[PDB]
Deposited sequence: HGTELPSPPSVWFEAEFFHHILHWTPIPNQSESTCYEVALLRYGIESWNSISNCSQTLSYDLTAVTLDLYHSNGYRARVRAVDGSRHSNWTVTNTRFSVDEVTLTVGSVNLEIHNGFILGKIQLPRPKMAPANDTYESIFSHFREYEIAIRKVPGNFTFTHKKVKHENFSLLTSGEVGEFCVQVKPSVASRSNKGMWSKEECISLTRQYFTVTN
């Protein structure tokens, strides 16, 4: 017989449901891997390919409805030609709270009486563009801003912030990691920002 997949896990970023999996031990040159998706509310999985040679295959295109839907079930299944191993699947429904969330962009600006920054909320193109992350988490959202000099932290529920550098000078860099006040979802460190006040 052939070994089952070593590890099969869900990497669901904001509307980037990129599945990742561990290969079968001692995979052949004839070895291939399946990629699958399933959404909760559906009684059985959905398929992505007869062969993925890659360890992974994005199911986002079918999983575009991941964020709103009741949940998801996904899998990967290595195969070696005629003889096939069994699948390894995610026991736990794939939701946004499993999905490491992220924002769209951040910025830093200096004004006459204060500094300002106005961040962007992830809205992936592949996602159906009428609905964006900014739109689903309407009332509760909360994200930490870290500001450090090039060579300090606060928790915020707003895309925009100002800081002590408002009337100041110096080199300071920022990161934002999102969350939802309702949900403890494990955000992902979003795109960096840094600005000179000098």
Inset, instruction - Any chance you could give me the deposited-sequence numbering of all the stretches lacking C-alphas? - result: 1 to 3, 155 to 159, 207 to 214
